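J.: Please see the structure below; I have some questions.
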Amino acid sequence: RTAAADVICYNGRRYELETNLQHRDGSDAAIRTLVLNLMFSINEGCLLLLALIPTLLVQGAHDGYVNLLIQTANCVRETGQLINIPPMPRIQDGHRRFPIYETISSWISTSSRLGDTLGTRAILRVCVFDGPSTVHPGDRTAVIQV
Amino acid sequence: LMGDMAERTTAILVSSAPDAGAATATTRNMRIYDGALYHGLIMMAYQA
């Protein structure tokens with residue numbers, strides 16, 4: 001809406017999404033966080049992680065679950081077939097530091113806190129001790145706070 | 001028939017991987033080697 005699907009399947013059930021945004025400032029207030037956290041993910045070792053795309057393709061040919069994973073990725077299926085990365089230059093002081101450690105440690109942090117910023121955290125967890133197994137819509141539960 | 005001759009008859013050896021409808025990453029190594037005569041001919045029962 002700011003620049004210019006509403007159904008979600010869960011346990012084999014289709015529930016339509018009727019969201020609305022009657023104005024515009026909450027929108028970009030969210031988008032700024034989205035892009036901000038999107039930026040701090042890429043790092044030095046992303047170059048090495050990029051030349052590994054064709055290995056992921058040949059594994060997508062070699063194994064089976066990789067075939068489920070590769071085709072929902074609307075980007076990797078194109079780049080490894082339409083983008084190339086030449087021999088990466090040597091990393092400055094390559095005998096002391098290590099790039100992949102950073103490019104993968106600064107993604108665990110930025111990922112857990114992601115959804116709890118565009119949304120909310122989980123405060124309670126259903127722990128039925130001796131009641132029923134599952135819970136239907138509208139039944140009283142038993143819980144302990146997170 | 002002198003403006004177009006034929007010297008000798010040969011054969012062909014074509015290789016190919018199975019078609020896209022049968023393509024798995026372990027079946028591209030089952031090439032279908034084949035042969036095809038060039039400038040040969042087929043006959044009826046041999047007179048002899």
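FYI the Cβ positions are ideal-geometry reconstructions off the backbone, even for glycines, and counts take in every protein chain you see. What follows draws every value from the coordinates through simple rules; no lab data is involved.
J.: Where residues in the stretch A:55-78 are at the interface with chain B (Cβ under 10 Å from one of its Cβ atoms) and not polar (S, T, N, Q), which of them is nearest to residue B:22 (Cα to Cα)? Before the answer, list the steps.
T.: Taking the stretch A:55-78 and keeping what is at the interface with chain B (Cβ under 10 Å from one of its Cβ atoms), we get A:58-63.
Okay, now just the ones that are also not polar (S, T, N, Q), so A:58, A:60-63.
On the way: A:58: 17, A:60: 16, A:61: 13, A:62: 15, A:63: 16 Å.
Among residues in the stretch A:55-78 that are at the interface with chain B (Cβ under 10 Å from one of its Cβ atoms) and not polar (S, T, N, Q), the one nearest to residue B:22 (Cα to Cα) is A:61.
J.: In addition: Exactly one of (1) within 21 Å of residue B:20 (Cα to Cα); (2) surrounded by fewer than 11 Cβ atoms within 10 Å (Cβ to Cβ); (3) of a type in the set (S, T, N, Q) is unmet by residue A:92. Its number?
T.: If we test residue A:92 against (1) within 21 Å of residue B:20 (Cα to Cα); (2) surrounded by fewer than 11 Cβ atoms within 10 Å (Cβ to Cβ); (3) of a type in the set (S, T, N, Q), just (1) comes out false.
J.: Which of the residues belonging to the stretch A:1-56 are basic (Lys, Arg) and not in a loop (DSSP other than H, G, I, E, B)? If you could, list the steps in order and put the result at the bottom.
T.: At the first step, the residues of the stretch A:1-56 found to be basic (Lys, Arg) are A:1, A:13-14, A:24, A:32.
A:14, A:32 - these are the residues of the stretch A:1-56 that are basic (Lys, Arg) and not in a loop (DSSP other than H, G, I, E, B).
J.: If a residue has to be under 27 Å from residue A:37 (Cβ atoms) and surrounded by 10 or more Cβ atoms within 10 Å (Cβ to Cβ) to count, how many in the stretch A:123-146 make the cut?
T.: Total meeting the criteria: 1.
J.: Which condition does residue A:43 not pass, out of (1) more than 20 Å from the chain's Cα centre (by Cα); (2) surrounded by 11 or more Cβ atoms within 10 Å (Cβ to Cβ); (3) closer than 21 Å to residue A:114 by Cβ, if it passes all the others?
T.: Exception for residue A:43: condition (1).
J.: Return only the number of the condition from (1) within 14 Å of chain A (Cβ to nearest Cβ); (2) basic (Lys, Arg); (3) in contact with a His (Cβ under 8 Å, 6 or more places away or on another chain) that residue B:28 does not satisfy.
T.: Result: residue B:28 fails condition (3) only.
This table checks each residue for (1) β-branched (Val, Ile, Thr); (2) within 23 Å of residue A:41 (Cβ to Cβ).
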| residue | (1), (2) |
| --- | --- |
| A:79 | yes, yes |
| A:90 | no, no |
| A:97 | no, yes |
| A:105 | no, yes |
| A:131 | no, no |
| A:134 | yes, no |
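J.: Among (1) over 30 Å from residue B:27 (Cβ atoms); (2) surrounded by 15 or more Cβ atoms within 10 Å (Cβ to Cβ), where does residue A:66 come up short?
T.: With (1) over 30 Å from residue B:27 (Cβ atoms); (2) surrounded by 15 or more Cβ atoms within 10 Å (Cβ to Cβ) applied to residue A:66, the lone miss is (1).
J.: Report yes if residue A:80 is surrounded by 14 or more Cβ atoms within 10 Å (Cβ to Cβ) and more than 18 Å from the chain's Cα centre (by Cα), otherwise no. Outline the logic, then answer.
T.: Working: surrounded by 14 or more Cβ atoms within 10 Å (Cβ to Cβ): yes; more than 18 Å from the chain's Cα centre (by Cα): yes.
So residue A:80 passes the test.
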